[PDB]
>>> print(open('input-v1.cif').read())   # mmCIF, C-alpha atoms and all ligand atoms
data_upload
#
loop_
_atom_site.label_atom_id
_atom_site.label_comp_id
_atom_site.auth_asym_id
_atom_site.auth_seq_id
_atom_site.Cartn_x
_atom_site.Cartn_y
_atom_site.Cartn_z
CA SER L 2 44.89 -39.60 -20.94
CA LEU L 3 45.11 -36.00 -22.18
CA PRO L 4 45.47 -32.93 -19.95
CA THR L 5 41.64 -32.57 -19.70
CA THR L 6 40.85 -36.16 -18.64
CA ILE L 7 39.07 -36.47 -15.29
CA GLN L 8 41.24 -38.76 -13.16
CA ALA L 9 39.78 -37.68 -9.78
CA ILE L 10 36.29 -36.93 -8.39
CA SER L 11 35.79 -36.45 -4.63
CA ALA L 12 32.88 -35.34 -2.47
CA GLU L 13 32.96 -34.37 1.18
CA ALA L 14 30.39 -33.01 3.60
CA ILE L 15 30.92 -29.39 4.59
CA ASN L 16 28.97 -28.12 7.60
CA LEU L 17 29.02 -24.32 7.60
CA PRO L 18 27.83 -22.61 10.81
CA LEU L 19 25.39 -19.74 10.33
CA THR L 20 24.93 -16.46 12.23
CA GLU L 21 21.10 -16.36 12.48
CA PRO L 22 18.71 -19.01 11.04
CA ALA L 31 22.05 -23.33 12.47
CA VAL L 32 24.27 -25.25 10.00
CA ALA L 33 24.38 -25.29 6.18
CA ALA L 34 24.85 -29.04 5.70
CA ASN L 35 26.35 -28.83 2.21
CA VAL L 36 28.74 -30.85 0.00
CA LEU L 37 32.07 -29.79 -1.54
CA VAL L 38 32.67 -31.32 -4.97
CA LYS L 39 36.21 -31.56 -6.40
CA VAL L 40 37.16 -32.59 -9.93
CA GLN L 41 40.79 -33.00 -10.87
CA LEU L 42 42.17 -33.02 -14.37
CA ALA L 43 45.22 -35.07 -15.45
CA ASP L 44 47.21 -31.81 -15.83
CA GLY L 45 46.51 -31.05 -12.13
CA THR L 46 44.01 -28.24 -12.66
CA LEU L 47 41.36 -28.56 -9.98
CA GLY L 48 37.69 -27.54 -10.32
CA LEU L 49 35.43 -26.84 -7.33
CA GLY L 50 31.65 -27.09 -7.06
CA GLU L 51 29.18 -26.90 -4.17
CA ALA L 52 25.97 -28.83 -3.60
CA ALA L 53 23.49 -27.06 -1.26
CA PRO L 54 20.45 -29.36 -0.71
CA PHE L 55 17.56 -27.74 1.18
CA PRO L 56 15.31 -30.54 2.57
CA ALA L 57 12.02 -28.53 2.82
CA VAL L 58 9.01 -30.72 2.01
CA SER L 59 10.09 -33.02 -0.82
CA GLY L 60 13.76 -32.20 -0.63
CA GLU L 61 17.29 -33.49 -0.92
CA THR L 62 19.67 -34.15 2.01
CA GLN L 63 23.46 -33.72 2.43
CA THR L 64 23.68 -37.52 2.90
CA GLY L 65 21.53 -38.34 -0.17
CA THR L 66 23.57 -35.80 -2.13
CA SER L 67 27.04 -37.24 -1.35
CA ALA L 68 25.78 -40.74 -2.21
CA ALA L 69 24.48 -39.47 -5.57
CA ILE L 70 27.90 -37.94 -6.38
CA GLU L 71 29.55 -41.27 -5.51
CA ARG L 72 27.11 -43.05 -7.89
CA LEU L 73 27.80 -40.49 -10.62
CA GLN L 74 31.60 -40.84 -10.22
CA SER L 75 31.93 -43.89 -12.53
CA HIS L 76 30.20 -41.91 -15.27
CA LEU L 77 32.79 -39.11 -15.25
CA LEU L 78 36.09 -40.80 -14.34
CA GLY L 79 38.29 -41.04 -17.43
CA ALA L 80 36.08 -38.71 -19.44
CA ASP L 81 37.24 -35.57 -21.19
CA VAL L 82 35.99 -32.47 -19.32
CA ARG L 83 35.90 -30.85 -22.80
CA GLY L 84 32.56 -32.56 -23.51
CA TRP L 85 31.13 -30.59 -20.57
CA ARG L 86 27.68 -30.23 -22.12
CA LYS L 87 27.46 -33.92 -23.06
CA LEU L 88 28.49 -34.95 -19.53
CA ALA L 89 25.97 -32.54 -17.96
CA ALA L 90 23.27 -34.20 -20.08
CA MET L 91 24.16 -37.76 -19.05
CA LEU L 92 24.27 -36.84 -15.31
CA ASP L 93 20.77 -35.45 -15.81
CA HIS L 94 19.62 -38.64 -17.55
CA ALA L 95 21.08 -40.91 -14.85
CA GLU L 96 20.18 -38.93 -11.72
CA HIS L 97 17.61 -36.18 -12.48
CA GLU L 98 16.20 -35.92 -8.97
CA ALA L 99 19.61 -35.17 -7.36
CA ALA L 100 19.64 -31.54 -8.58
CA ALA L 101 22.08 -30.24 -5.97
CA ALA L 102 24.48 -33.13 -6.71
CA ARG L 103 24.38 -32.46 -10.44
CA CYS L 104 24.72 -28.69 -9.84
CA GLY L 105 27.95 -29.13 -7.78
CA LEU L 106 29.34 -31.56 -10.37
CA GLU L 107 28.45 -29.20 -13.24
CA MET L 108 29.99 -26.27 -11.34
CA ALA L 109 33.16 -28.30 -10.75
CA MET L 110 33.50 -29.44 -14.36
CA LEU L 111 33.04 -25.90 -15.72
CA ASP L 112 35.47 -24.52 -13.17
CA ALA L 113 38.00 -27.10 -14.32
CA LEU L 114 37.36 -26.36 -18.02
CA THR L 115 37.77 -22.61 -17.72
CA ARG L 116 40.73 -22.76 -15.27
CA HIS L 117 42.49 -25.09 -17.75
CA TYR L 118 42.16 -22.61 -20.64
CA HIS L 119 42.88 -19.68 -18.22
CA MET L 120 39.48 -18.10 -18.85
CA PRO L 121 37.27 -16.38 -16.25
CA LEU L 122 33.84 -18.00 -15.94
CA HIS L 123 32.24 -14.58 -16.38
CA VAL L 124 34.02 -14.27 -19.77
CA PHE L 125 32.93 -17.82 -20.75
CA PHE L 126 29.27 -16.92 -20.05
CA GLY L 127 29.46 -13.65 -22.02
CA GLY L 128 31.74 -11.00 -20.43
CA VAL L 129 29.10 -8.29 -19.99
CA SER L 130 30.04 -7.16 -16.45
CA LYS L 131 32.37 -7.87 -13.52
CA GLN L 132 29.99 -6.41 -10.95
CA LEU L 133 26.62 -7.07 -9.41
CA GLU L 134 24.60 -5.18 -6.86
CA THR L 135 22.96 -7.55 -4.38
CA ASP L 136 20.17 -7.11 -1.90
CA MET L 137 20.18 -8.36 1.67
CA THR L 138 17.44 -10.25 3.50
CA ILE L 139 15.69 -9.35 6.78
CA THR L 140 15.54 -12.31 9.21
CA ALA L 141 12.35 -12.06 11.36
CA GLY L 142 11.87 -10.68 14.89
CA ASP L 143 8.74 -8.52 14.86
CA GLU L 144 7.86 -5.06 13.51
CA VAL L 145 10.46 -3.48 15.83
CA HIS L 146 13.37 -5.80 14.91
CA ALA L 147 12.57 -5.51 11.18
CA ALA L 148 12.89 -1.71 11.29
CA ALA L 149 16.26 -2.17 13.04
CA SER L 150 17.36 -4.72 10.39
CA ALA L 151 16.27 -2.33 7.62
CA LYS L 152 18.49 0.39 9.11
CA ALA L 153 21.34 -2.10 9.67
CA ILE L 154 21.27 -3.17 5.97
CA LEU L 155 21.39 0.38 4.57
CA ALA L 156 24.20 1.30 6.99
CA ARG L 157 26.31 -1.46 5.36
CA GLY L 158 26.11 0.35 1.99
CA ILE L 159 23.54 -2.05 0.46
CA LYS L 160 20.94 -0.32 -1.78
CA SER L 161 17.99 -2.75 -1.84
CA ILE L 162 16.58 -5.15 0.74
CA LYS L 163 14.69 -8.47 0.58
CA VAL L 164 11.92 -9.23 3.06
CA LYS L 165 10.30 -12.62 3.69
CA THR L 166 6.57 -12.52 4.58
CA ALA L 167 4.28 -15.37 5.67
CA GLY L 168 1.27 -14.29 3.58
CA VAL L 169 -1.38 -15.62 5.97
CA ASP L 170 -2.02 -12.21 7.57
CA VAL L 171 -2.17 -9.21 5.20
CA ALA L 172 -2.42 -6.72 8.07
CA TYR L 173 0.69 -8.00 9.90
CA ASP L 174 2.65 -8.33 6.63
CA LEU L 175 1.78 -4.72 5.68
CA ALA L 176 2.73 -3.46 9.16
CA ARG L 177 6.15 -5.11 8.74
CA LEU L 178 6.55 -3.42 5.35
CA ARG L 179 5.44 0.01 6.64
CA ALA L 180 8.07 -0.10 9.41
CA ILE L 181 10.80 -1.28 7.04
CA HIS L 182 9.96 1.36 4.41
CA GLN L 183 9.80 4.07 7.11
CA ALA L 184 13.20 2.97 8.51
CA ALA L 185 14.83 2.52 5.10
CA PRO L 186 13.24 5.12 2.79
CA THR L 187 15.23 5.04 -0.47
CA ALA L 188 15.49 1.21 -0.51
CA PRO L 189 13.84 -0.69 -3.34
CA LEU L 190 11.96 -3.50 -1.59
CA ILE L 191 11.81 -7.09 -2.81
CA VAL L 192 9.13 -9.09 -1.00
CA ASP L 193 9.31 -12.88 -0.83
CA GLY L 194 5.79 -14.14 -0.14
CA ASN L 195 7.09 -17.72 0.00
CA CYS L 196 3.93 -19.31 -1.45
CA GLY L 197 1.88 -18.02 1.52
CA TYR L 198 -0.72 -15.75 -0.11
CA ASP L 199 -3.77 -16.57 -2.22
CA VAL L 200 -5.05 -14.23 -5.01
CA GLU L 201 -7.27 -12.03 -2.79
CA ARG L 202 -4.60 -11.65 -0.07
CA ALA L 203 -1.87 -11.02 -2.69
CA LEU L 204 -3.93 -8.38 -4.50
CA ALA L 205 -5.06 -6.69 -1.25
CA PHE L 206 -1.41 -6.65 -0.12
CA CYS L 207 -0.32 -5.03 -3.42
CA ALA L 208 -3.24 -2.55 -3.50
CA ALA L 209 -2.24 -1.29 -0.05
CA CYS L 210 1.44 -1.03 -1.06
CA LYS L 211 0.41 1.04 -4.08
CA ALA L 212 -2.02 3.18 -2.01
CA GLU L 213 0.65 3.92 0.61
CA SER L 214 3.33 4.24 -2.09
CA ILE L 215 5.35 1.41 -0.47
CA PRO L 216 8.23 0.77 -2.92
CA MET L 217 7.91 -2.97 -3.48
CA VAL L 218 9.74 -3.52 -6.83
CA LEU L 219 9.22 -7.32 -6.84
CA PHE L 220 6.65 -9.68 -5.34
CA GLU L 221 8.40 -13.01 -5.26
CA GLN L 222 6.42 -16.26 -5.50
CA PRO L 223 3.38 -15.09 -3.47
CA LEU L 224 1.26 -18.14 -4.27
CA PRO L 225 1.97 -21.89 -4.34
CA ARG L 226 3.53 -23.33 -7.51
CA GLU L 227 0.33 -25.28 -8.28
CA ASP L 228 -1.85 -22.18 -8.40
CA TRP L 229 -0.71 -21.40 -11.94
CA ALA L 230 -3.91 -19.43 -12.70
CA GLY L 231 -3.69 -17.42 -9.48
CA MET L 232 -0.03 -16.62 -10.13
CA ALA L 233 -0.97 -15.36 -13.60
CA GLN L 234 -3.82 -13.27 -12.18
CA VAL L 235 -1.49 -11.57 -9.65
CA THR L 236 1.06 -11.01 -12.43
CA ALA L 237 -1.54 -9.47 -14.75
CA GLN L 238 -3.53 -7.33 -12.30
CA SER L 239 -1.41 -6.34 -9.28
CA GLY L 240 0.68 -3.62 -10.92
CA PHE L 241 3.85 -5.14 -9.48
CA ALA L 242 6.57 -7.27 -11.08
CA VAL L 243 6.07 -10.87 -9.88
CA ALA L 244 8.97 -13.38 -9.65
CA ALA L 245 8.78 -17.14 -10.18
CA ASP L 246 10.93 -19.25 -7.87
CA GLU L 247 9.23 -22.57 -7.07
CA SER L 248 7.18 -22.22 -10.28
CA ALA L 249 10.45 -22.02 -12.20
CA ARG L 250 12.40 -25.27 -11.68
CA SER L 251 12.98 -26.26 -15.34
CA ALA L 252 13.10 -24.79 -18.85
CA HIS L 253 9.67 -26.42 -19.40
CA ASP L 254 8.39 -24.36 -16.41
CA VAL L 255 9.85 -21.20 -18.01
CA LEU L 256 8.13 -21.89 -21.39
CA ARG L 257 4.87 -22.32 -19.49
CA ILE L 258 5.48 -19.07 -17.55
CA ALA L 259 6.13 -17.15 -20.79
CA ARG L 260 3.03 -18.63 -22.40
CA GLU L 261 0.58 -18.09 -19.56
CA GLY L 262 2.10 -14.90 -18.06
CA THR L 263 2.59 -16.84 -14.81
CA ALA L 264 5.15 -14.33 -13.52
CA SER L 265 7.08 -11.44 -15.06
CA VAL L 266 10.49 -12.28 -13.59
CA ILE L 267 12.45 -15.65 -13.28
CA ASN L 268 14.52 -16.32 -10.16
CA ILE L 269 17.34 -18.58 -11.39
CA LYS L 270 18.65 -20.99 -8.77
CA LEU L 271 21.33 -23.15 -10.27
CA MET L 272 20.99 -25.53 -7.28
CA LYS L 273 17.44 -26.36 -8.29
CA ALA L 274 17.92 -27.04 -12.04
CA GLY L 275 21.63 -27.56 -12.62
CA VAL L 276 23.69 -25.27 -14.82
CA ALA L 277 22.81 -26.42 -18.36
CA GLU L 278 19.08 -26.32 -17.57
CA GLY L 279 19.51 -22.85 -15.96
CA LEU L 280 21.20 -21.63 -19.13
CA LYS L 281 18.15 -22.62 -21.17
CA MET L 282 15.76 -20.94 -18.66
CA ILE L 283 17.77 -17.70 -19.02
CA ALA L 284 17.49 -17.79 -22.83
CA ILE L 285 13.74 -18.49 -22.68
CA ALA L 286 13.32 -15.60 -20.18
CA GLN L 287 15.32 -13.07 -22.20
CA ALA L 288 13.47 -13.97 -25.40
CA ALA L 289 10.10 -13.74 -23.67
CA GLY L 290 11.19 -10.39 -22.18
CA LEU L 291 10.89 -11.70 -18.63
CA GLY L 292 13.17 -10.13 -16.01
CA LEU L 293 15.95 -12.17 -14.48
CA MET L 294 16.75 -12.58 -10.84
CA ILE L 295 19.71 -14.67 -9.56
CA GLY L 296 19.53 -16.26 -6.12
CA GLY L 297 20.52 -19.43 -4.32
CA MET L 298 19.82 -21.72 -1.43
CA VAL L 299 21.89 -21.73 1.76
CA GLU L 300 25.18 -21.45 -0.14
CA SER L 301 28.77 -20.48 0.65
CA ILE L 302 30.94 -18.09 -1.34
CA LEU L 303 31.63 -21.04 -3.70
CA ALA L 304 28.18 -21.62 -5.32
CA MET L 305 27.38 -17.92 -4.97
CA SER L 306 30.49 -16.81 -6.88
CA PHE L 307 29.67 -19.26 -9.67
CA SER L 308 26.12 -17.81 -9.84
CA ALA L 309 27.66 -14.33 -9.79
CA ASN L 310 29.98 -15.27 -12.67
CA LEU L 311 26.92 -16.30 -14.71
CA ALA L 312 24.66 -13.35 -13.87
CA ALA L 313 27.43 -10.83 -14.54
CA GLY L 314 28.81 -12.69 -17.57
CA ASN L 315 25.46 -13.26 -19.30
CA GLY L 316 24.15 -9.78 -18.47
CA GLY L 317 20.52 -8.71 -18.13
CA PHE L 318 19.73 -9.61 -14.50
CA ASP L 319 17.73 -6.83 -12.81
CA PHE L 320 17.62 -8.51 -9.43
CA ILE L 321 20.67 -9.90 -7.60
CA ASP L 322 19.95 -11.85 -4.43
CA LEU L 323 23.31 -13.37 -3.48
CA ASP L 324 23.64 -12.54 0.21
CA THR L 325 24.05 -15.86 2.06
CA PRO L 326 27.86 -15.49 2.43
CA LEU L 327 27.01 -12.64 4.87
CA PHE L 328 25.16 -15.19 7.04
CA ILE L 329 27.93 -17.82 7.16
CA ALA L 330 30.03 -17.68 10.33
CA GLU L 331 33.00 -19.55 8.76
CA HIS L 332 34.04 -21.69 5.74
CA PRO L 333 37.20 -23.26 4.14
CA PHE L 334 37.36 -20.92 1.08
CA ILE L 335 39.45 -18.08 -0.37
CA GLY L 336 38.77 -15.82 -3.35
CA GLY L 337 35.52 -15.72 -5.31
CA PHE L 338 33.67 -12.43 -5.51
CA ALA L 339 34.78 -9.38 -3.56
CA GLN L 340 32.06 -7.67 -1.57
CA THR L 341 32.08 -4.00 -0.63
CA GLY L 342 28.70 -2.86 0.69
CA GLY L 343 26.22 -4.55 -1.62
CA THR L 344 28.60 -4.52 -4.56
CA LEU L 345 29.88 -7.93 -5.65
CA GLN L 346 33.11 -7.43 -7.60
CA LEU L 347 34.60 -10.08 -9.90
CA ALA L 348 38.25 -10.39 -10.99
CA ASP L 349 40.58 -11.19 -13.94
CA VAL L 350 40.84 -14.68 -12.52
CA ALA L 351 40.28 -18.03 -14.29
CA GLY L 352 37.22 -20.17 -13.39
CA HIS L 353 35.08 -18.87 -10.50
CA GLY L 354 38.14 -17.81 -8.46
CA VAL L 355 37.17 -19.67 -5.29
CA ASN L 356 39.82 -21.95 -3.80
CA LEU L 357 40.45 -24.03 -0.69
CA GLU L 358 42.49 -22.61 2.20
CA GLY L 359 46.10 -23.78 2.64
CA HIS L 360 47.34 -24.60 6.16
K K A 1 13.35 -17.64 -2.25
#
>>> encode(input="input-v1.cif", output="structure tokens")
Amino acid sequence: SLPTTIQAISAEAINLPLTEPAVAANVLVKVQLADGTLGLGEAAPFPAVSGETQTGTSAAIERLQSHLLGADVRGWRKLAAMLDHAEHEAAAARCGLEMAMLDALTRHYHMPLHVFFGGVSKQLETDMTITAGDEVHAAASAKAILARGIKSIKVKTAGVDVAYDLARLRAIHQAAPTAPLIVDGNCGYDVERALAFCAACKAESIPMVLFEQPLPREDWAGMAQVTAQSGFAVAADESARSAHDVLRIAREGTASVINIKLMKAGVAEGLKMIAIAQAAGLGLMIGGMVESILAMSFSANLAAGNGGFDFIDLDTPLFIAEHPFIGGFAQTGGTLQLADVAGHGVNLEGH
């Protein structure tokens, strides 16, 4: 039993109410070291299609408890590997556990997580996402985002109707003129619809700076074709769930940018995807699922600490109505500001 032994692992459901979708059914992970330093991680399972649940996630963390109790948090990378070998499919569970262990490690040695990952910056500039409505409400959202002091915006499109999608973009670009536009196609386009969408954006000089996952993951060839021909930077999200995916992307030119979501791969795997990306000269985006200031501030500590991320998409704290946390990043406008604080800097409220 030395100061960095794990004597306590606990997981509890956290249901965080949202402003406009209803609840982020997430899990708070706590690891406690023998010296009393506490590390916090968050699991955010998103059950779309073949997904994980809050209930399945908590149960996975309870199963993984016996594998970490009594172990030295100092073997963080070894422990991350054995979690992945025992419970690969519970990505959100392993992410929260990895976040917690690293938080504990760095808080123990009094080191900021952004310094542990590289120390390049203490500041990120995030976009903000437009909800839905119609063409009228999207123009109003575009104006509302830029009035908050946020430079770039993210828009979700359905991809089934090029004409409607374009009309939404026109409005948004007209309403918010100096905003770089990141467009999340959410696997909805095919090659023809993606190319025709891009061609029109170019023709109208619509400032899309990223076309995010326009096609389904399985259309590897189509993804590559859009990447090669469209004249826009393309991001891989669903196509990028592992380091193996990222090697494939680099090889086939599947996309030109990787959206890292630590919730989907875990931390150690995400670290390898970053290094593959940077060495292939792919751009890096950092995003998340429906996550509180906890998981988001961890992701922010990595993006800022590593360096080299051109796209920051860490805006879900602005959509959470309330939560039990203090600290983390400090947002002013679209600027996320990090501090001379050990770990990720997010803590639980007192009273
Ligand atoms: K996304």
>>> residues_near_ligand(input="input-v1.cif", ligand="ligand K 1 (chain A)", cutoff="8 Å", atoms="all atoms listed in the file", output="JSON, numbers by chain")
{"L": [193, 195, 221, 222, 246, 296, 297, 298]}
>>> closest_residue(input="input-v1.cif", among="L:166, L:75, L:287, L:306", to="residue L:196", atoms="all atoms listed in the file")
L:166
>>> atom_distance(input="input-v1.cif", atom1="atom CA of residue L:3", atom2="atom CA of residue L:102")
25.9 Å
>>> closest_residue(input="input-v1.cif", among="L:80, L:53, L:351, L:31", to="residue L:4", atoms="all atoms listed in the file")
L:80
>>> closest_residue(input="input-v1.cif", among="L:200, L:207, L:283, L:212", to="residue L:231", atoms="only C-alpha atoms")
L:200
>>> residues_around(input="input-v1.cif", residues="residue L:67", least_positions_apart="6", cutoff="10 Å", atoms="only C-alpha atoms", output="list in words")
residues 11, 12, 13, 14, 35, 36, 37, 38, 52, 73, 99, 101 and 102 of chain L
>>> closest_residue(input="input-v1.cif", among="L:321, L:291, L:303, L:181", to="residue L:112", atoms="only C-alpha atoms")
L:303
>>> closest_residue(input="input-v1.cif", among="L:315, L:63, L:115, L:74", to="residue L:49", atoms="all atoms listed in the file")
L:115
>>> residues_around(input="input-v1.cif", residues="residue L:245", least_positions_apart="6", cutoff="8 Å", atoms="all atoms listed in the file", output="list in words")
residues 221, 222, 263, 264, 265, 266, 267 and 268 of chain L
>>> write_last_selection(input="input-v1.cif", atoms="C-alpha atoms", output="PDB file, in the frame of the given file")
ATOM      1  CA  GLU L 221       8.400 -13.010  -5.260  1.00  0.00           C
ATOM      2  CA  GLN L 222       6.420 -16.260  -5.500  1.00  0.00           C
ATOM      3  CA  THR L 263       2.590 -16.840 -14.810  1.00  0.00           C
ATOM      4  CA  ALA L 264       5.150 -14.330 -13.520  1.00  0.00           C
ATOM      5  CA  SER L 265       7.080 -11.440 -15.060  1.00  0.00           C
ATOM      6  CA  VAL L 266      10.490 -12.280 -13.590  1.00  0.00           C
ATOM      7  CA  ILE L 267      12.450 -15.650 -13.280  1.00  0.00           C
ATOM      8  CA  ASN L 268      14.520 -16.320 -10.160  1.00  0.00           C
TER       9      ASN L 268
END
>>> closest_residue(input="input-v1.cif", among="L:54, L:241, L:121, L:274", to="residue L:93", atoms="only C-alpha atoms")
L:274
>>> residues_around(input="input-v1.cif", residues="residue L:17", least_positions_apart="2", cutoff="8 Å", atoms="all atoms listed in the file", output="ChimeraX atom specification")
/L:15,19,32-35,301,329-332
>>> atom_distance(input="input-v1.cif", atom1="atom CA of residue L:144", atom2="atom CA of residue L:216")
17.4 Å
>>> residues_around(input="input-v1.cif", residues="residue L:338", least_positions_apart="5", cutoff="9 Å", atoms="only C-alpha atoms", output="PyMOL selection string")
chain L and resi 132+302+305-307+309-310+345-348+353-355
>>> residues_near_point(input="input-v1.cif", point="(16.2, -34.1, -2.2)", cutoff="12 Å", atoms="all atoms listed in the file", output="ChimeraX atom specification")
/L:52-69,96-103,272-273
>>> build_atoms(input="input-v1.cif", residues="stretch 116-138 of chain L", atoms="N, CA and C atoms", output="short mmCIF file (atom, residue, chain, number, x, y, z; two decimals), keeping the file's coordinate frame")
data_model
loop_
_atom_site.label_atom_id
_atom_site.label_comp_id
_atom_site.auth_asym_id
_atom_site.auth_seq_id
_atom_site.Cartn_x
_atom_site.Cartn_y
_atom_site.Cartn_z
N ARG L 116 39.42 -22.89 -15.92
CA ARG L 116 40.73 -22.76 -15.27
C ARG L 116 41.86 -23.34 -16.14
N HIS L 117 41.58 -24.47 -16.78
CA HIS L 117 42.49 -25.09 -17.75
C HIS L 117 42.89 -24.13 -18.89
N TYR L 118 41.89 -23.54 -19.55
CA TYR L 118 42.16 -22.61 -20.64
C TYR L 118 42.42 -21.16 -20.17
N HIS L 119 42.55 -20.97 -18.86
CA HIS L 119 42.88 -19.68 -18.22
C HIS L 119 41.83 -18.58 -18.43
N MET L 120 40.58 -19.01 -18.57
CA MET L 120 39.48 -18.10 -18.85
C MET L 120 38.60 -17.92 -17.62
N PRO L 121 38.29 -16.66 -17.27
CA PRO L 121 37.27 -16.38 -16.25
C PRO L 121 35.91 -16.98 -16.63
N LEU L 122 35.17 -17.48 -15.64
CA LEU L 122 33.84 -18.00 -15.94
C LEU L 122 32.91 -16.91 -16.42
N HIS L 123 33.05 -15.70 -15.90
CA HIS L 123 32.24 -14.58 -16.38
C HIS L 123 32.49 -14.19 -17.85
N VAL L 124 33.69 -14.47 -18.36
CA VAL L 124 34.02 -14.27 -19.77
C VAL L 124 33.45 -15.43 -20.63
N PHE L 125 33.51 -16.64 -20.10
CA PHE L 125 32.93 -17.82 -20.75
C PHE L 125 31.41 -17.71 -20.94
N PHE L 126 30.73 -17.10 -19.98
CA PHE L 126 29.27 -16.92 -20.05
C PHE L 126 28.84 -15.67 -20.82
N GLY L 127 29.79 -14.82 -21.21
CA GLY L 127 29.46 -13.65 -22.02
C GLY L 127 30.23 -12.35 -21.84
N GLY L 128 30.83 -12.14 -20.66
CA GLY L 128 31.74 -11.00 -20.43
C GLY L 128 31.14 -9.62 -20.30
N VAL L 129 29.84 -9.55 -20.02
CA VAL L 129 29.10 -8.29 -19.99
C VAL L 129 29.51 -7.37 -18.82
N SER L 130 29.61 -7.94 -17.62
CA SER L 130 30.04 -7.16 -16.45
C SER L 130 30.97 -7.95 -15.53
N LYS L 131 31.57 -7.25 -14.57
CA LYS L 131 32.37 -7.87 -13.52
C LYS L 131 31.82 -7.46 -12.16
N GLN L 132 30.57 -7.02 -12.14
CA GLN L 132 29.99 -6.41 -10.95
C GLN L 132 28.49 -6.55 -10.89
N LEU L 133 28.02 -6.88 -9.69
CA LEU L 133 26.62 -7.07 -9.41
C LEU L 133 26.29 -6.31 -8.14
N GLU L 134 25.05 -5.86 -8.05
CA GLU L 134 24.60 -5.18 -6.86
C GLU L 134 23.52 -6.05 -6.22
N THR L 135 23.87 -6.64 -5.08
CA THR L 135 22.96 -7.55 -4.38
C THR L 135 22.13 -6.88 -3.31
N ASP L 136 20.97 -7.47 -3.06
CA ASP L 136 20.17 -7.11 -1.90
C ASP L 136 20.67 -7.83 -0.65
N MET L 137 19.99 -7.59 0.47
CA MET L 137 20.18 -8.36 1.67
C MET L 137 18.83 -8.61 2.33
N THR L 138 18.70 -9.78 2.95
CA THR L 138 17.44 -10.25 3.50
C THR L 138 17.31 -9.91 4.99
#
